Amino acid sequence: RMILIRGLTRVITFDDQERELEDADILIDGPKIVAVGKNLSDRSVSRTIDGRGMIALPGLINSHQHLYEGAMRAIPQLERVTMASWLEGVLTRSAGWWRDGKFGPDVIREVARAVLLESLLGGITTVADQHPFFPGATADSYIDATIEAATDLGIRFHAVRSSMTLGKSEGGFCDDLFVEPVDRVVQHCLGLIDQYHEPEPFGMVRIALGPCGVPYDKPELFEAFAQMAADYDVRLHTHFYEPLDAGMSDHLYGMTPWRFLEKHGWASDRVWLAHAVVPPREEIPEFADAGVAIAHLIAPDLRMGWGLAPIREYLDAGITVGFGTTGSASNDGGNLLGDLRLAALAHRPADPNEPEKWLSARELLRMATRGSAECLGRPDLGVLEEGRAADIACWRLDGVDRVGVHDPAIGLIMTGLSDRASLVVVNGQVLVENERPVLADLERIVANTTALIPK
Amino acid sequence: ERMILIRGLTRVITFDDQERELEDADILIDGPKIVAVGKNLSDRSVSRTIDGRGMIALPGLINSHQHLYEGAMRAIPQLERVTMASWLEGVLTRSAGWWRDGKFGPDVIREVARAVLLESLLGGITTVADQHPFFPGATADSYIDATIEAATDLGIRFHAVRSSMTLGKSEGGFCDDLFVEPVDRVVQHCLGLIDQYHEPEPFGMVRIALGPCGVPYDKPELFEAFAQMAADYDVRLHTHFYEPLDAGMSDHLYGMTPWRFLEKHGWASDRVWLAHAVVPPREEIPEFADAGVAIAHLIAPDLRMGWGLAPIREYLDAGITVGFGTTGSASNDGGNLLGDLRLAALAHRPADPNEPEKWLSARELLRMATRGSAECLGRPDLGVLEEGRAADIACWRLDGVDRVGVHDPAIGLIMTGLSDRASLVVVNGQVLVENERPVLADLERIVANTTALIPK
Ligand SMILES: [Zn+2]
Ligand SMILES: [Zn+2]
């Protein structure tokens with residue numbers, strides 16, 4: 001009862017040798033890839049899928065979503081704002097809607113269902129969601145809602161439990177009722193691991209631990225989480241060197257955000273860090289030696305006016321770099337592949353006479369697959385080879401908008417009227433085919449969710 | 001012979017003199033022109049009513065700067081990360097090589113143009129201005145005739161800008177002289193093209209413009225001949241403008257800035273639109289305004305070649321007309337104008353991190369891609385959804401899963417979505433796209449035919 005994808009025009013593996021293949025196949029057994037190569041046997045195969053005219057990649061992995069923000073897209077007052085106005089805007093709406101019973105757990109479930117379905121249609125097979133800018137998150141069964149939506153759809157899912165534990169009063173940056181006692185956060189997290197965490201290879205739901213950041217959480221939370229990570233082999237995540245962070249840190253602790261993390265147990269290989277826009281250059285070698293990973297988030301970095309993270313420098317230092325979209329209040333889409341084009345182009349003017357420093361299409365596609373898998377600590381994902389999860393995303397190459405394309409991988413980044421995936425498989429299950437959801441009722445999900453968006 | 005009514009569009013963006021937008025409203029079409037825009041329009045003499053519910057309607061997008069033949073030069077590994085010098089050398093070498101091997105004649109260019117122009121319609125683009133500079137040999141071959149043939153077959157509105165490279169490296173230029181034509185040959189050819197193809201009347205479907213490659217690439221004698229020709233025949237003038245090394249090259253050759261050069265040779269006028277305009281001296285900007293020149297913003301190639309951000313806000317502040325374009329697919333590498341708008345919306349912001357009021361808005365960008373481009377091309381009949389203007393219309397569906405939770409649909413069109421494919425597209429009153437598919441063209445056959453002819 002295996003599945004064979006036959007005759008793929010191009011296969012990008014991102015294996016240890018960066019192999020690519022032409023007119024080749026992928027054989028799938030249950031949740032696992034059996035083989036990648038030419039003329040594989042359809043012996044034990046119960047189904048053969050025609051891959052001709054398609055390019056196949058590992059499933060894309062979005063290492064940074066804020067699903068609840070799907071209901072906050074294209075709001076005119078938030079179109080052109082800097083971080084302070086943006087943050088205030090999002091925090092007030094999530095707090096206001098919630099208090100008025102417009103943002104119940106069931107509203108978040110359906111918003112998550114739409115953004116995760118959009119994610120599948122964009123070739124994204126794993127999503128890591130966090131909720132730093134929705135205070136009522138825990139007081140309303142919000143991670144249970146998102147996990148319910150993800151499992152219904154069959155998308156692989158990492159739920160990052162976030163918080164803002166440093167109160168506006170005692171030095172913080174938060175309305176003193178988005179604040180939870182450290183032990184309360186810890187205990188909620190422990191319960192989530194018990195209930196949902198799937199640590200085995202090919203696990204479909206995992207829990208990670210994600211304070212909002214140095215300006216937002218108590219050092220006691222960072223240390224408690226560092227302990228939990230070792231205890232339960234889960235991952236640690238936080239925001240990192242956003243503009244102004246360095247000053248806020250120096251003010252609270254008289255040290256850099258990095259020095260702070262190192263002091264509280266987060267300078268380790270269990271850690272991935274969001275944005276990393278403006279670190280002191282002299283700290284980059286330390287990032288590398290500690291083995292932290294970094295998620296590049298081009299859309300919000302441009303949207304906020306933050307600018308260009310030193311990604312080339314990170315790769316030069318051998319640091320793991322993944323990719324993410326962040327929430328749809330700062331993007332405002334969940335289109336990861338589309339955002340790769342933004343990064344491909346926007347980094348270039350920074351080095352006008354040194355094109356060798358510009359990020360390539362292949363470097364970017366890697367970030368969105370293997371790089372993100374490494375950020376989430378998933379050695380079972382992000383690569384097309386025997387033994388890895390059968391998480392696969394394919395795009396058609398034969399459309400009128402891709403005529404004259406000479407290199408299909410570069411083509412995926414540099415051409416097209418549409419980033420819609422043709423064929424998407426997650427955990428060996430076909431979820432999208434011919435650009436359409438196989439199991440999900442698209443029109444009904446749109447109808448249901450739209451009715452629930454706070455008016 | 002009746003009219004067409006598009007009924008109940010969720011949102012209509014007119015870009016009229018008041019910047020009107022409507023909800024649950026209609027557009028009434030009669031032949032080539034819009035009869036009315038408003039709620040509950042009459043279907044008295046209507047032969048067909050189209051359901052516009054769930055769509056946003058805009059004036060058809062206008063791509064004021066294309067190089068169609070470059071559609072055959074997409075995603076070439078050797079050209080992925082290159083500066084202008086290497087890029088230009090690679091495009092010239094390849095086009096010259098293919099041409100001499102007999103693989104890049106007008107018949108091939110016709111089919112490459114057919115594909116890029118069909119892509120254009122599918123992306124909601126209703127008018128394209130193509131600047132073709134490639135005329136190898138001893139006589140100017142029928143490349144323009146070929147692009148016009150493709151455009152007319154498809155029914156897309158079309159401006160053919162006859163380009164050239166008349167300054168050989170021997171006299172300070174960049175090209176293997178196989179590309180260099182005598183100025184008289186270019187001028188003679190342009191006269192014939194105007195006579196044969198130009199449709200100066202309102203709603204004209206084919207027009208001719210005159211477009212040297214630029215100050216570093218063409219003789220001053222050509223600019224002057226074209227200024228005379230533009231005046232005598234009432235056509236427009238187009239060239240590349242203030243790309244990064246341009247100021248130094250013009251200083252070396254002429255001892256004057258690119259703008260002073262254009263001024264001297266008859267191009268500081270309201271007949272002119274200018275591509276890129278990345279790095280002008282700030283002091284010259286008020287002069288652009290007083291001369292009445294228009295500027296086409298081309299974000300994708302400006303970024304792709306590492307040039308950076310044109311001072312678009314400054315142009316708008318000065319009241320200079322600003323349109324939008326994609327340039328050719330060797331430096332984009334798509335023909336997706338709507339998608340390029342998101343690039344501009346986001347990429348300009350980090351240049352003014354503390355003054356978000358300076359950032360280009362979604363509505364300013366959509367204006368550039370419609371009315372701004374119309375004005376670059378000298379088309380008061382295009383770019384606006386109102387009575388008396390051409391029935392060129394582009395509509396997108398707002399009810400897809402990837403646009404759930406969108407609060408403002410104009411912003412949504414730029415900032416969200418998995419696809420830029422237009423739902424319904426009308427050109428010159430003819431419905432050419434419906435349900436994201438061509439209604440008169442055979443999509444699959446065109447893809448197959450053109451693919452077969454791409455030089456490999
Ligand atoms: Zn975030
Ligand atoms: Zn050009």
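Naming convention: chains lettered A, B, ... in sequence-line order (proteins, then strands); numbering from 1 in each chain. Side chains are part of it too, since the values below use all heavy atoms of this structure and drop only hydrogens, waters and symmetry mates. Just so you know, ligand 1 is whichever comes first in the structure, and atom 1 is the first atom listed for that ligand.
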Between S250(B) and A247(B) (side chain of the first, backbone of the second, donor and acceptor by atom type, cut-off under 3.5 Å), is there such a pair? yes

Closer than 3.5 angstrom, by distance alone: can the side chain of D302(B) be matched with the main-chain N or O of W307(B) as a donor-acceptor pair? no

Quick one: salt bridge (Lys or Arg N to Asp or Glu O under 4.0 Å) partners of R93(A), sequence neighbours excluded?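 Testing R93(A) for salt bridge (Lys or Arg N to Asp or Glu O under 4.0 Å), a comparison that skips the adjacent residues, returns none.
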
With no hydrogens and no angle check, do the side chains of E88(A) and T92(A) hold a donor and an acceptor under 3.5 Å apart?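 No, because no side-chain N or O of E88(A) sits under 3.5 Å from a partner of the opposite role on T92(A).
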
Assess whether a salt bridge exists between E375(B) and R236(B), defined as any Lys/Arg side-chain N lying under 4.0 Å from an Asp/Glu carboxylate O.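 Salt bridge between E375(B) and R236(B), a charged N being under 4.0 Å from a carboxylate O: no.
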
Taking only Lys NZ, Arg NE, NH1 and NH2, and the carboxylate oxygens of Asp or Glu, determine whether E80(B) and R74(B) approach each other closer than 4.0 Å. no

Within a strict 2.8 Å cut-off of the Zn ion (ligand 2), protein N/O/S atoms tallied 3

